[PDB]
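Visitor: Following this line is protein23.pdb, made up of PDB, C-alpha atoms and all ligand atoms:
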ATOM      1  CA  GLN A   1       0.000   0.000   0.000
ATOM      2  CA  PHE A   2       3.063   2.261   0.013
ATOM      3  CA  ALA A   3       4.012   4.375  -2.960
ATOM      4  CA  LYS A   4       7.611   4.725  -1.712
ATOM      5  CA  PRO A   5       9.616   3.178   1.126
ATOM      6  CA  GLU A   6       9.290   6.413   3.107
ATOM      7  CA  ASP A   7       5.545   5.822   3.227
ATOM      8  CA  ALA A   8       6.055   2.424   4.868
ATOM      9  CA  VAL A   9       8.459   3.970   7.383
ATOM     10  CA  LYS A  10       5.942   6.719   8.213
ATOM     11  CA  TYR A  11       3.182   4.117   8.604
ATOM     12  CA  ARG A  12       5.058   1.798  10.917
ATOM     13  CA  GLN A  13       6.333   4.677  13.061
ATOM     14  CA  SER A  14       2.756   5.990  13.387
ATOM     15  CA  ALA A  15       1.487   2.507  14.305
ATOM     16  CA  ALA A  16       4.225   2.294  16.916
ATOM     17  CA  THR A  17       3.252   5.729  18.302
ATOM     18  CA  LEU A  18      -0.326   4.572  18.743
ATOM     19  CA  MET A  19       0.711   1.262  20.291
ATOM     20  CA  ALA A  20       2.966   3.090  22.765
ATOM     21  CA  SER A  21       0.026   5.274  23.793
ATOM     22  CA  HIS A  22      -2.497   2.464  24.147
ATOM     23  CA  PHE A  23      -0.026   0.262  26.024
ATOM     24  CA  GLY A  24       1.598   2.946  28.164
ATOM     25  CA  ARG A  25      -1.613   4.636  29.210
ATOM     26  CA  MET A  26      -2.343   1.483  31.257
ATOM     27  CA  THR A  27       0.828   1.789  33.347
ATOM     28  CA  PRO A  28      -0.940   3.761  36.131
ATOM     29  CA  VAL A  29      -3.738   1.184  36.189
ATOM     30  CA  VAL A  30      -1.372  -1.779  36.494
ATOM     31  CA  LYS A  31       0.495   0.052  39.259
ATOM     32  CA  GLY A  32      -2.752   0.895  41.099
ATOM     33  CA  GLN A  33      -2.130   4.641  40.815
ATOM     34  CA  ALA A  34      -5.290   4.948  38.676
ATOM     35  CA  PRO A  35      -8.505   2.997  39.234
ATOM     36  CA  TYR A  36      -9.248  -0.273  37.444
ATOM     37  CA  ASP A  37     -12.458  -0.238  35.415
ATOM     38  CA  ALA A  38     -12.683  -3.604  33.712
ATOM     39  CA  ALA A  39     -14.818  -2.379  30.818
ATOM     40  CA  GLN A  40     -12.540   0.561  30.113
ATOM     41  CA  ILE A  41      -9.466  -1.700  30.012
ATOM     42  CA  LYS A  42     -11.249  -4.339  27.922
ATOM     43  CA  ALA A  43     -12.044  -1.715  25.324
ATOM     44  CA  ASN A  44      -8.565  -0.258  25.397
ATOM     45  CA  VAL A  45      -6.914  -3.654  24.978
ATOM     46  CA  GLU A  46      -9.197  -4.329  21.975
ATOM     47  CA  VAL A  47      -7.789  -1.183  20.362
ATOM     48  CA  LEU A  48      -4.252  -2.257  21.261
ATOM     49  CA  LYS A  49      -4.897  -5.714  19.743
ATOM     50  CA  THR A  50      -5.904  -4.155  16.442
ATOM     51  CA  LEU A  51      -2.946  -1.791  16.448
ATOM     52  CA  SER A  52      -0.415  -4.452  17.432
ATOM     53  CA  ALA A  53      -1.056  -6.393  14.214
ATOM     54  CA  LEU A  54      -0.316  -3.388  12.021
ATOM     55  CA  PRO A  55       3.425  -2.593  11.988
ATOM     56  CA  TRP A  56       4.646  -5.877  10.581
ATOM     57  CA  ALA A  57       3.126  -5.528   7.116
ATOM     58  CA  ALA A  58       4.987  -2.228   6.783
ATOM     59  CA  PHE A  59       8.401  -3.887   6.859
ATOM     60  CA  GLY A  60       7.681  -5.281   3.327
ATOM     61  CA  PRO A  61      10.219  -5.730   0.628
ATOM     62  CA  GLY A  62      12.051  -2.502  -0.299
ATOM     63  CA  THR A  63      10.794  -0.596   2.827
ATOM     64  CA  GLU A  64      14.203  -0.307   4.413
ATOM     65  CA  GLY A  65      14.783   2.992   6.463
ATOM     66  CA  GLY A  66      14.013   4.808   9.591
ATOM     67  CA  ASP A  67      15.338   3.191  12.711
ATOM     68  CA  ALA A  68      14.664  -0.351  11.322
ATOM     69  CA  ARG A  69      17.766  -2.621  11.242
ATOM     70  CA  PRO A  70      18.561  -4.468   8.040
ATOM     71  CA  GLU A  71      18.600  -7.687   9.998
ATOM     72  CA  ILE A  72      14.800  -7.419  10.034
ATOM     73  CA  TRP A  73      14.897  -8.435   6.300
ATOM     74  CA  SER A  74      18.006 -10.667   6.158
ATOM     75  CA  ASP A  75      16.717 -12.760   9.079
ATOM     76  CA  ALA A  76      13.059 -12.775   8.060
ATOM     77  CA  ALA A  77      12.094 -15.872   9.980
ATOM     78  CA  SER A  78      13.656 -14.610  13.187
ATOM     79  CA  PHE A  79      11.972 -11.190  12.975
ATOM     80  CA  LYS A  80       8.677 -12.980  12.229
ATOM     81  CA  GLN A  81       9.080 -15.150  15.292
ATOM     82  CA  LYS A  82       9.485 -11.961  17.402
ATOM     83  CA  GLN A  83       6.404 -10.213  16.029
ATOM     84  CA  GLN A  84       4.325 -13.366  16.296
ATOM     85  CA  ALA A  85       5.477 -13.965  19.843
ATOM     86  CA  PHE A  86       4.681 -10.274  20.719
ATOM     87  CA  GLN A  87       1.118 -10.776  19.301
ATOM     88  CA  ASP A  88       0.856 -14.020  21.320
ATOM     89  CA  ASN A  89       1.611 -11.869  24.416
ATOM     90  CA  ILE A  90      -1.087  -9.440  23.229
ATOM     91  CA  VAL A  91      -3.529 -12.328  23.074
ATOM     92  CA  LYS A  92      -2.722 -13.132  26.689
ATOM     93  CA  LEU A  93      -3.310  -9.476  27.620
ATOM     94  CA  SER A  94      -6.660  -9.618  25.788
ATOM     95  CA  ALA A  95      -7.648 -12.730  27.690
ATOM     96  CA  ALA A  96      -6.790 -11.045  31.003
ATOM     97  CA  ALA A  97      -8.714  -7.875  30.057
ATOM     98  CA  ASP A  98     -11.709  -9.789  28.722
ATOM     99  CA  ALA A  99     -11.842 -11.785  31.985
ATOM    100  CA  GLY A 100     -11.669  -8.608  34.071
ATOM    101  CA  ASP A 101      -8.747 -10.168  35.978
ATOM    102  CA  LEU A 102      -6.406  -7.427  37.253
ATOM    103  CA  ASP A 103      -3.707  -9.703  38.589
ATOM    104  CA  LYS A 104      -3.709 -11.470  35.242
ATOM    105  CA  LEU A 105      -3.640  -8.115  33.509
ATOM    106  CA  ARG A 106      -0.526  -6.976  35.475
ATOM    107  CA  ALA A 107       1.329 -10.142  34.608
ATOM    108  CA  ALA A 108       0.361 -10.030  30.941
ATOM    109  CA  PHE A 109       1.232  -6.362  30.730
ATOM    110  CA  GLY A 110       4.736  -7.058  31.979
ATOM    111  CA  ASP A 111       5.183  -9.843  29.420
ATOM    112  CA  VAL A 112       4.020  -7.582  26.603
ATOM    113  CA  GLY A 113       6.414  -4.850  27.667
ATOM    114  CA  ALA A 114       9.304  -7.303  27.770
ATOM    115  CA  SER A 115       8.458  -8.414  24.217
ATOM    116  CA  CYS A 116       8.446  -4.821  22.944
ATOM    117  CA  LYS A 117      11.862  -4.252  24.510
ATOM    118  CA  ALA A 118      13.318  -7.549  23.254
ATOM    119  CA  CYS A 119      12.469  -6.669  19.681
ATOM    120  CA  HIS A 120      13.758  -3.131  19.941
ATOM    121  CA  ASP A 121      16.997  -4.392  21.472
ATOM    122  CA  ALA A 122      17.626  -6.668  18.475
ATOM    123  CA  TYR A 123      15.997  -4.766  15.590
ATOM    124  CA  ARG A 124      15.730  -1.029  16.307
ATOM    125  CA  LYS A 125      18.669   1.306  15.756
ATOM    126  CA  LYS A 126      19.916   3.314  18.712
TER     127      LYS A 126
ATOM    128  CA  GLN B   1      -3.495   9.682  28.377
ATOM    129  CA  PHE B   2      -1.195  12.513  27.287
ATOM    130  CA  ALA B   3       1.516  13.874  29.525
ATOM    131  CA  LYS B   4       1.707  17.124  27.517
ATOM    132  CA  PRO B   5      -0.333  18.639  24.686
ATOM    133  CA  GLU B   6       2.412  17.699  22.219
ATOM    134  CA  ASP B   7       1.697  14.055  22.994
ATOM    135  CA  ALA B   8      -1.950  14.475  21.983
ATOM    136  CA  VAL B   9      -0.886  16.222  18.772
ATOM    137  CA  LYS B  10       1.554  13.401  17.957
ATOM    138  CA  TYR B  11      -1.154  10.810  18.664
ATOM    139  CA  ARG B  12      -3.843  12.357  16.515
ATOM    140  CA  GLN B  13      -1.433  12.978  13.631
ATOM    141  CA  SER B  14      -0.324   9.322  13.800
ATOM    142  CA  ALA B  15      -3.957   8.149  13.866
ATOM    143  CA  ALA B  16      -4.624  10.329  10.839
ATOM    144  CA  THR B  17      -1.580   8.860   9.037
ATOM    145  CA  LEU B  18      -2.910   5.357   9.581
ATOM    146  CA  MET B  19      -6.436   6.303   8.534
ATOM    147  CA  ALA B  20      -5.092   7.893   5.337
ATOM    148  CA  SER B  21      -3.257   4.660   4.531
ATOM    149  CA  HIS B  22      -6.153   2.324   5.265
ATOM    150  CA  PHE B  23      -8.621   4.529   3.387
ATOM    151  CA  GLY B  24      -6.390   5.505   0.473
ATOM    152  CA  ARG B  25      -5.050   2.039  -0.197
ATOM    153  CA  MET B  26      -8.578   1.149  -1.390
ATOM    154  CA  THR B  27      -8.617   3.817  -4.109
ATOM    155  CA  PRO B  28      -7.317   1.401  -6.799
ATOM    156  CA  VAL B  29      -9.932  -1.163  -5.769
ATOM    157  CA  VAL B  30     -12.823   1.302  -5.970
ATOM    158  CA  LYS B  31     -11.548   2.455  -9.365
ATOM    159  CA  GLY B  32     -11.201  -1.142 -10.623
ATOM    160  CA  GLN B  33      -7.460  -0.746 -11.215
ATOM    161  CA  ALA B  34      -6.812  -3.438  -8.572
ATOM    162  CA  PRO B  35      -8.932  -6.552  -8.059
ATOM    163  CA  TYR B  36     -11.782  -6.693  -5.547
ATOM    164  CA  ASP B  37     -11.424  -9.437  -2.945
ATOM    165  CA  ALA B  38     -14.371  -9.082  -0.606
ATOM    166  CA  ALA B  39     -12.638 -10.689   2.369
ATOM    167  CA  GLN B  40      -9.549  -8.533   1.997
ATOM    168  CA  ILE B  41     -11.648  -5.346   1.902
ATOM    169  CA  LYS B  42     -13.849  -6.491   4.792
ATOM    170  CA  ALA B  43     -10.769  -6.946   6.932
ATOM    171  CA  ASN B  44      -9.255  -3.661   5.855
ATOM    172  CA  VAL B  45     -12.441  -1.722   6.583
ATOM    173  CA  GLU B  46     -12.548  -3.317  10.066
ATOM    174  CA  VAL B  47      -9.096  -1.848  10.703
ATOM    175  CA  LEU B  48     -10.226   1.511   9.321
ATOM    176  CA  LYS B  49     -13.313   1.425  11.588
ATOM    177  CA  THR B  50     -11.135   0.977  14.654
ATOM    178  CA  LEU B  51      -8.737   3.700  13.573
ATOM    179  CA  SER B  52     -11.466   6.172  12.628
ATOM    180  CA  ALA B  53     -12.718   6.316  16.227
ATOM    181  CA  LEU B  54      -9.303   7.256  17.585
ATOM    182  CA  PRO B  55      -8.408  10.864  16.687
ATOM    183  CA  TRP B  56     -11.292  12.568  18.428
ATOM    184  CA  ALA B  57     -10.280  11.737  21.995
ATOM    185  CA  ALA B  58      -6.928  13.387  21.282
ATOM    186  CA  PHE B  59      -8.464  16.829  20.828
ATOM    187  CA  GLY B  60      -9.118  16.918  24.636
ATOM    188  CA  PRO B  61      -8.923  19.962  26.787
ATOM    189  CA  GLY B  62      -5.520  21.704  26.663
ATOM    190  CA  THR B  63      -4.340  19.726  23.553
ATOM    191  CA  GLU B  64      -4.283  22.728  21.271
ATOM    192  CA  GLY B  65      -1.464  22.657  18.538
ATOM    193  CA  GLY B  66      -0.357  21.160  15.343
ATOM    194  CA  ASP B  67      -2.544  21.958  12.395
ATOM    195  CA  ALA B  68      -5.742  21.825  14.562
ATOM    196  CA  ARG B  69      -7.852  25.036  14.442
ATOM    197  CA  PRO B  70      -8.972  26.575  17.710
ATOM    198  CA  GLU B  71     -12.523  26.458  16.457
ATOM    199  CA  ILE B  72     -12.383  22.716  17.156
ATOM    200  CA  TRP B  73     -12.601  23.616  20.914
ATOM    201  CA  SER B  74     -14.661  26.844  20.845
ATOM    202  CA  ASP B  75     -17.351  25.160  18.723
ATOM    203  CA  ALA B  76     -17.264  21.783  20.460
ATOM    204  CA  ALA B  77     -20.720  20.684  19.427
ATOM    205  CA  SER B  78     -20.101  21.492  15.782
ATOM    206  CA  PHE B  79     -16.764  19.643  15.662
ATOM    207  CA  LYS B  80     -18.459  16.695  17.409
ATOM    208  CA  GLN B  81     -21.201  16.642  14.816
ATOM    209  CA  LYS B  82     -18.507  16.396  12.084
ATOM    210  CA  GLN B  83     -16.606  13.527  13.694
ATOM    211  CA  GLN B  84     -19.807  11.667  14.487
ATOM    212  CA  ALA B  85     -21.091  12.140  10.966
ATOM    213  CA  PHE B  86     -17.687  10.926   9.567
ATOM    214  CA  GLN B  87     -17.992   7.756  11.762
ATOM    215  CA  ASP B  88     -21.589   7.335  10.517
ATOM    216  CA  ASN B  89     -20.104   7.312   6.971
ATOM    217  CA  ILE B  90     -17.563   4.733   8.190
ATOM    218  CA  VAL B  91     -20.429   2.581   9.410
ATOM    219  CA  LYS B  92     -21.938   2.718   5.937
ATOM    220  CA  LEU B  93     -18.573   1.700   4.448
ATOM    221  CA  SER B  94     -18.433  -1.207   6.925
ATOM    222  CA  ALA B  95     -21.900  -2.324   5.917
ATOM    223  CA  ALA B  96     -20.910  -2.256   2.233
ATOM    224  CA  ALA B  97     -17.673  -4.178   2.915
ATOM    225  CA  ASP B  98     -19.358  -6.708   5.190
ATOM    226  CA  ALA B  99     -21.989  -7.337   2.481
ATOM    227  CA  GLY B 100     -19.308  -7.803  -0.177
ATOM    228  CA  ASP B 101     -21.140  -5.209  -2.302
ATOM    229  CA  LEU B 102     -18.653  -3.366  -4.547
ATOM    230  CA  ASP B 103     -21.075  -0.826  -5.939
ATOM    231  CA  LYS B 104     -22.111  -0.045  -2.384
ATOM    232  CA  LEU B 105     -18.469   0.123  -1.395
ATOM    233  CA  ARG B 106     -17.669   2.701  -4.148
ATOM    234  CA  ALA B 107     -20.531   4.912  -3.078
ATOM    235  CA  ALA B 108     -19.692   4.677   0.615
ATOM    236  CA  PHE B 109     -16.035   5.308  -0.083
ATOM    237  CA  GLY B 110     -16.868   8.540  -1.868
ATOM    238  CA  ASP B 111     -19.050   9.678   1.038
ATOM    239  CA  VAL B 112     -16.291   8.933   3.535
ATOM    240  CA  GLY B 113     -13.768  10.869   1.485
ATOM    241  CA  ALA B 114     -16.101  13.851   1.270
ATOM    242  CA  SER B 115     -16.478  13.801   5.068
ATOM    243  CA  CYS B 116     -12.701  13.782   5.585
ATOM    244  CA  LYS B 117     -12.367  16.774   3.266
ATOM    245  CA  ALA B 118     -15.288  18.681   4.816
ATOM    246  CA  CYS B 119     -13.714  18.488   8.243
ATOM    247  CA  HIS B 120     -10.269  19.445   7.033
ATOM    248  CA  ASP B 121     -11.722  22.403   5.144
ATOM    249  CA  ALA B 122     -13.309  23.768   8.333
ATOM    250  CA  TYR B 123     -10.901  22.606  11.062
ATOM    251  CA  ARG B 124      -7.403  21.938   9.696
ATOM    252  CA  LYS B 125      -4.918  24.753   9.158
ATOM    253  CA  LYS B 126      -3.528  25.249   5.672
TER     254      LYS B 126
HETATM  255  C1  LIG C   1       9.576  -6.182  16.670
HETATM  256  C2  LIG C   1       8.853  -7.507  16.541
HETATM  257  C3  LIG C   1       8.913  -5.105  17.523
HETATM  258  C4  LIG C   1       8.034  -5.240  18.511
HETATM  259  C5  LIG C   1       7.428  -6.452  19.148
HETATM  260  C6  LIG C   1       7.726  -3.874  18.931
HETATM  261  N1  LIG C   1       8.428  -2.970  18.202
HETATM  262 FE1  LIG C   1       8.337  -0.969  18.374
HETATM  263  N2  LIG C   1       9.629  -0.783  16.844
HETATM  264  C7  LIG C   1      10.223  -1.811  16.126
HETATM  265  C8  LIG C   1      11.057  -1.303  15.118
HETATM  266  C9  LIG C   1      11.885  -2.157  14.151
HETATM  267  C10 LIG C   1      10.957   0.086  15.141
HETATM  268  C11 LIG C   1      11.596   1.092  14.234
HETATM  269  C12 LIG C   1      10.665   1.484  13.068
HETATM  270  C13 LIG C   1      11.305   2.438  12.106
HETATM  271  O1  LIG C   1      11.300   2.159  10.879
HETATM  272  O2  LIG C   1      11.852   3.484  12.565
HETATM  273  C14 LIG C   1      10.076   0.378  16.251
HETATM  274  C15 LIG C   1       9.751   1.626  16.698
HETATM  275  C16 LIG C   1       8.995   1.946  17.810
HETATM  276  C17 LIG C   1       8.756   3.285  18.312
HETATM  277  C18 LIG C   1       9.262   4.570  17.735
HETATM  278  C19 LIG C   1       8.327   5.103  16.629
HETATM  279  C20 LIG C   1       8.779   6.445  16.138
HETATM  280  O3  LIG C   1       8.361   7.455  16.756
HETATM  281  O4  LIG C   1       9.567   6.539  15.206
HETATM  282  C21 LIG C   1       7.977   3.151  19.408
HETATM  283  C22 LIG C   1       7.399   4.244  20.286
HETATM  284  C23 LIG C   1       7.708   1.749  19.581
HETATM  285  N3  LIG C   1       8.353   1.036  18.598
HETATM  286  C24 LIG C   1       6.919   1.203  20.554
HETATM  287  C25 LIG C   1       6.601  -0.127  20.731
HETATM  288  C26 LIG C   1       5.757  -0.680  21.755
HETATM  289  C27 LIG C   1       5.076   0.170  22.816
HETATM  290  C28 LIG C   1       5.719  -2.014  21.586
HETATM  291  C29 LIG C   1       5.043  -3.103  22.375
HETATM  292  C30 LIG C   1       3.614  -2.765  22.836
HETATM  293  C31 LIG C   1       6.565  -2.301  20.441
HETATM  294  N4  LIG C   1       7.077  -1.144  19.939
HETATM  295  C32 LIG C   1       6.845  -3.558  19.956
HETATM  296  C33 LIG C   1      10.011  -3.129  16.388
HETATM  297  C34 LIG C   1       9.175  -3.702  17.315
HETATM  298  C1  LIG C   2     -12.702  16.216  11.632
HETATM  299  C2  LIG C   2     -13.992  15.629  12.166
HETATM  300  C3  LIG C   2     -11.844  15.323  10.741
HETATM  301  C4  LIG C   2     -12.207  14.279  10.002
HETATM  302  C5  LIG C   2     -13.542  13.648   9.755
HETATM  303  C6  LIG C   2     -10.968  13.798   9.394
HETATM  304  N1  LIG C   2      -9.912  14.563   9.771
HETATM  305 FE1  LIG C   2      -7.993  14.297   9.232
HETATM  306  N2  LIG C   2      -7.456  15.848  10.395
HETATM  307  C7  LIG C   2      -8.295  16.643  11.162
HETATM  308  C8  LIG C   2      -7.565  17.620  11.856
HETATM  309  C9  LIG C   2      -8.176  18.681  12.779
HETATM  310  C10 LIG C   2      -6.214  17.419  11.582
HETATM  311  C11 LIG C   2      -5.024  18.150  12.122
HETATM  312  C12 LIG C   2      -4.427  17.440  13.354
HETATM  313  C13 LIG C   2      -3.276  18.187  13.957
HETATM  314  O1  LIG C   2      -3.295  18.443  15.189
HETATM  315  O2  LIG C   2      -2.332  18.558  13.199
HETATM  316  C14 LIG C   2      -6.185  16.318  10.643
HETATM  317  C15 LIG C   2      -5.067  15.824  10.037
HETATM  318  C16 LIG C   2      -5.006  14.844   9.064
HETATM  319  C17 LIG C   2      -3.808  14.415   8.369
HETATM  320  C18 LIG C   2      -2.417  14.932   8.565
HETATM  321  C19 LIG C   2      -1.695  14.197   9.715
HETATM  322  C20 LIG C   2      -0.267  14.639   9.828
HETATM  323  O3  LIG C   2       0.581  14.036   9.124
HETATM  324  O4  LIG C   2       0.041  15.586  10.540
HETATM  325  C21 LIG C   2      -4.189  13.448   7.506
HETATM  326  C22 LIG C   2      -3.319  12.632   6.569
HETATM  327  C23 LIG C   2      -5.603  13.251   7.672
HETATM  328  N3  LIG C   2      -6.078  14.126   8.620
HETATM  329  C24 LIG C   2      -6.362  12.327   7.009
HETATM  330  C25 LIG C   2      -7.709  12.077   7.166
HETATM  331  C26 LIG C   2      -8.487  11.090   6.468
HETATM  332  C27 LIG C   2      -7.895  10.155   5.425
HETATM  333  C28 LIG C   2      -9.757  11.181   6.899
HETATM  334  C29 LIG C   2     -11.006  10.443   6.497
HETATM  335  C30 LIG C   2     -10.813   8.930   6.285
HETATM  336  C31 LIG C   2      -9.776  12.254   7.878
HETATM  337  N4  LIG C   2      -8.525  12.770   8.027
HETATM  338  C32 LIG C   2     -10.897  12.713   8.533
HETATM  339  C33 LIG C   2      -9.645  16.479  11.213
HETATM  340  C34 LIG C   2     -10.422  15.520  10.611
END
What would the structure in this file look like if it were written as structure tokens?
Ligand code: HEC
Ligand code: HEC
Guide:
Amino acid sequence: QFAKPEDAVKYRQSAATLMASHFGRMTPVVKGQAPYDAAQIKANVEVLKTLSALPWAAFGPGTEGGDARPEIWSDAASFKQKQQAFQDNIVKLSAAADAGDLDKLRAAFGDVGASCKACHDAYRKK
Amino acid sequence: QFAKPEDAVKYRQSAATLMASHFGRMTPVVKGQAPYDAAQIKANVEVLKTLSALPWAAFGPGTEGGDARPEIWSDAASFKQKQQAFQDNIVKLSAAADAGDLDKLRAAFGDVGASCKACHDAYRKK
């Protein structure tokens, strides 16, 4: 869907911006500093689920650039494993949210965050 | 969810970027220049539906900036009418996509595009 590689870069950076907001805005909830409203979090995690599927299609062939490492493309199966595992962790977060289980939400949230960081450590330029 | 107004601006601009991609990537389909796969479009319009609900919450109080006109806030009911009407047009696009009705999709697509433009004309700085 991208006329030029720059358009893919802009897309995936914007998807990442939205994911960071929808994930990070729950930090105060998981820490107990903001109240836990199960319906609110369920809805927010549904948005995050949709968003968290979006970046990967924007690392398509020829879309090199931004702060994306070339090993994303040269090690395609490994990068895929990381994004699929991240979305697996998102599924677990969804299950926790859908159940209205705060303890499960905290745990799942931590696992998601670790998966974001693990990918950035390997595949995002400093 | 925004620590500073700049964070709201960044969010809504990123949501707009993603909406522009998910809407605009259908242009070749509506024009017949790319093939129509009903399932593909149904899925894409579901993503667009999710995205198209997102910008409005990021024009919250104190989030003035970017290319957002101040009349967004001083005429709150009027701006609301425009975003609600836009999402109404998105619902019509969803119905067309879900039905697998290409003629209905073309028509709905045009109405959505007109709604984007009508808001920008009134509420987005040149
Ligand atoms: C690999 C499988 C990733 C996972 C999982 C997550 N992110 Fe990511 N992120 C990744 C890359 C390769 C890049 C660079 C993209 C580019 O072309 O520049 C990013 C970037 C970000 C950014 C910065 C966006 C920008 O402003 O330019 C943010 C804020 C970000 N990523 C956040 C984020 C979060 C919150 C994640 C988990 C919920 C997450 N990312 C996962 C690769 C990967
Ligand atoms: C008002 C109800 C709007 C509707 C409907 C749509 N858009 Fe919009 N858009 C609006 C404003 C007020 C702004 C400026 C935001 C800011 O603070 O700068 C925008 C911006 C955009 C942009 C530019 C984003 C950027 O790169 O900075 C794009 C690409 C955009 N809008 C696209 C877009 C599309 C495709 C829409 C319909 C599907 C649409 N917008 C509707 C206000 C409104």
Visitor: Would you work out the distance separating CA of residue 126 (chain B) from CA of residue 68 (chain B), expressed in Å to one decimal?
Guide: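 For CA of residue 126 (chain B) relative to CA of residue 68 (chain B), the distance reads 9.8 Å.
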Visitor: Show me, as a ChimeraX atom specification, the residues of chain A whose atoms get within 12 Å of chain B, using all atoms listed in the file for the distance check.
Guide: /A:1-3,7-29,34,43-44,46-55,58
Visitor: Output the selection as an mmCIF file, in the coordinates of the input - C-alpha atoms for each residue.
Guide:
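Wrote it out as out-v1.cif, contents follow:
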data_model
loop_
_atom_site.group_PDB
_atom_site.id
_atom_site.type_symbol
_atom_site.label_atom_id
_atom_site.label_comp_id
_atom_site.auth_asym_id
_atom_site.auth_seq_id
_atom_site.Cartn_x
_atom_site.Cartn_y
_atom_site.Cartn_z
ATOM 1 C CA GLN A 1 0.000 0.000 0.000
ATOM 2 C CA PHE A 2 3.063 2.261 0.013
ATOM 3 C CA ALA A 3 4.012 4.375 -2.960
ATOM 4 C CA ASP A 7 5.545 5.822 3.227
ATOM 5 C CA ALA A 8 6.055 2.424 4.868
ATOM 6 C CA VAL A 9 8.459 3.970 7.383
ATOM 7 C CA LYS A 10 5.942 6.719 8.213
ATOM 8 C CA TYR A 11 3.182 4.117 8.604
ATOM 9 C CA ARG A 12 5.058 1.798 10.917
ATOM 10 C CA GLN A 13 6.333 4.677 13.061
ATOM 11 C CA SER A 14 2.756 5.990 13.387
ATOM 12 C CA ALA A 15 1.487 2.507 14.305
ATOM 13 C CA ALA A 16 4.225 2.294 16.916
ATOM 14 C CA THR A 17 3.252 5.729 18.302
ATOM 15 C CA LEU A 18 -0.326 4.572 18.743
ATOM 16 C CA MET A 19 0.711 1.262 20.291
ATOM 17 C CA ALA A 20 2.966 3.090 22.765
ATOM 18 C CA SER A 21 0.026 5.274 23.793
ATOM 19 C CA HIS A 22 -2.497 2.464 24.147
ATOM 20 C CA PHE A 23 -0.026 0.262 26.024
ATOM 21 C CA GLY A 24 1.598 2.946 28.164
ATOM 22 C CA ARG A 25 -1.613 4.636 29.210
ATOM 23 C CA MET A 26 -2.343 1.483 31.257
ATOM 24 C CA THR A 27 0.828 1.789 33.347
ATOM 25 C CA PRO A 28 -0.940 3.761 36.131
ATOM 26 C CA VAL A 29 -3.738 1.184 36.189
ATOM 27 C CA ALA A 34 -5.290 4.948 38.676
ATOM 28 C CA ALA A 43 -12.044 -1.715 25.324
ATOM 29 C CA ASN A 44 -8.565 -0.258 25.397
ATOM 30 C CA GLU A 46 -9.197 -4.329 21.975
ATOM 31 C CA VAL A 47 -7.789 -1.183 20.362
ATOM 32 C CA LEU A 48 -4.252 -2.257 21.261
ATOM 33 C CA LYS A 49 -4.897 -5.714 19.743
ATOM 34 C CA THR A 50 -5.904 -4.155 16.442
ATOM 35 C CA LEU A 51 -2.946 -1.791 16.448
ATOM 36 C CA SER A 52 -0.415 -4.452 17.432
ATOM 37 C CA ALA A 53 -1.056 -6.393 14.214
ATOM 38 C CA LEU A 54 -0.316 -3.388 12.021
ATOM 39 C CA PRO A 55 3.425 -2.593 11.988
ATOM 40 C CA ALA A 58 4.987 -2.228 6.783
#
Visitor: Kindly indicate which residue among A:67, A:93, A:72, A:84 lies nearest to ligand LIG 1 (chain C), using all atoms listed in the file for the distances.
Guide: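 Closest to ligand LIG 1 (chain C) of all the choices is A:67.
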Visitor: Neighbours of residue 111 (chain A) within 12 Å (all atoms listed in the file; same-chain residues fewer than 3 positions away dropped), as a VMD selection string?
Guide: chain A and resid 23 85 to 93 104 to 108 114 to 118
Visitor: Name the residues captured by the PyMOL selection byres (((chain B and resi 125) around 10) and not hetatm) when it is applied to the shown file; answer as an NGL selection string.
Guide: :B and (66-70 or 120-124 or 126)
Visitor: Please define a box with edges along x, y and z of the file around all atoms of ligand LIG 2 (chain C) given in the file, extend it by 5 Å on each side, and return its centre and edge lengths in Å to one decimal, as lines of an AutoDock Vina configuration file.
Guide:
center_x = -6.7
center_y = 13.8
center_z = 10.3
size_x = 24.6
size_y = 19.8
size_z = 19.8
Visitor: Which value, in Å to one decimal, gives the distance between CA of residue 6 (chain A) and CA of residue 112 (chain B)?
Guide: 25.7 Å
Visitor: In Å, with one decimal, what is the gap from atom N4 of ligand LIG 2 (chain C) to CA of residue 113 (chain B)?
Guide: 8.6 Å
Visitor: Closest to ligand LIG 1 (chain C) among A:65, A:60, A:100, A:110, using only C-alpha atoms and all ligand atoms?
Guide: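 Result for the nearest residue to ligand LIG 1 (chain C): A:65.
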Visitor: For the PyMOL selection byres (((chain A and resi 98) around 9) and not hetatm), applied here, can you spell out every residue it catches as JSON, numbers by chain?
Guide: {"A": [38, 39, 41, 42, 43, 45, 93, 94, 95, 96, 97, 99, 100, 101]}
Visitor: Using only C-alpha atoms and all ligand atoms, can you tell me which of A:40, A:83, A:102, A:76 comes closest to ligand LIG 1 (chain C)?
Guide: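 Comparing A:40, A:83, A:102, A:76 against ligand LIG 1 (chain C), the winner is A:83.
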